[PDB]
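Just the one chain here, the form deposited in one PDB entry, laid out as structure tokens.
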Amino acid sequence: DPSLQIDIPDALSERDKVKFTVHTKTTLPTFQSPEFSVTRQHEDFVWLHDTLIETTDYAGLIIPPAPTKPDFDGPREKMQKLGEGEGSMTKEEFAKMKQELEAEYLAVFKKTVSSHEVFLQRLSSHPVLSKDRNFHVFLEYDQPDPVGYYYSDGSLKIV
């Protein structure tokens, strides 16, 4: 489906509130531009799903489930038991334990990014919902400094 291609290439979590980058590649004329990105929070996805669910014309349609709210609590307080407890172990078994707790944080971050992304892709596939204008507002409504840049795999990304 060249028509509408959506991905979440990156995300930021500060204090376990997540800001997702929603990147759209489309050939459909409804959109102002062929490629664009916006930053979204979980409430935006909930609004999108609930708006589709409450549309009368989509009664009985297959509406892909909403992504679950991001939850970092399991890793977060595990991190605060260890993190502020250096003197409890060796310098190297503090380091070891700090890495796998961050590995736990990564597992949660990856799955919630995939959870929010799969939702957007399923909408893209749907012949009715993919043309929904509330979906389109979710993809492109935009606009709130070159301080910081992240380089990976030959690509530049802003903070």
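Quick note: we count residues from 1 along the sequence shown, nothing fancier. Throughout, rigid core stands for the largest set of C-alpha atoms superposing within 1.5 Å between the two forms.
- Going from residue 144 to residue 145, the model skips 1 to 3 deposited residues, which lack coordinates.
- Relative to one another, 65 to 73 and 87 to 95 have unequal mean CA B-factors, and 87 to 95 is the one with the higher figure.
- When the C-alpha B-factors of 47 to 55 and 22 to 30 are averaged, 22 to 30 comes out higher.
- Looking at the C-alpha B-factors along this chain, the one for residue 156 belongs to the middle third.
- Sort the modelled residues of the chain by CA B factor and residue 104 lands in the middle third.
The protein also exists as the form deposited in another entry; that form is not presented, and the subsequent description refers to it.
- The comparison between the shown form and the other one, aligned on the rigid core, picks out a single residue among 118, 46, 128, 95 whose CA moves by 2 Å or more, and that residue is 95.
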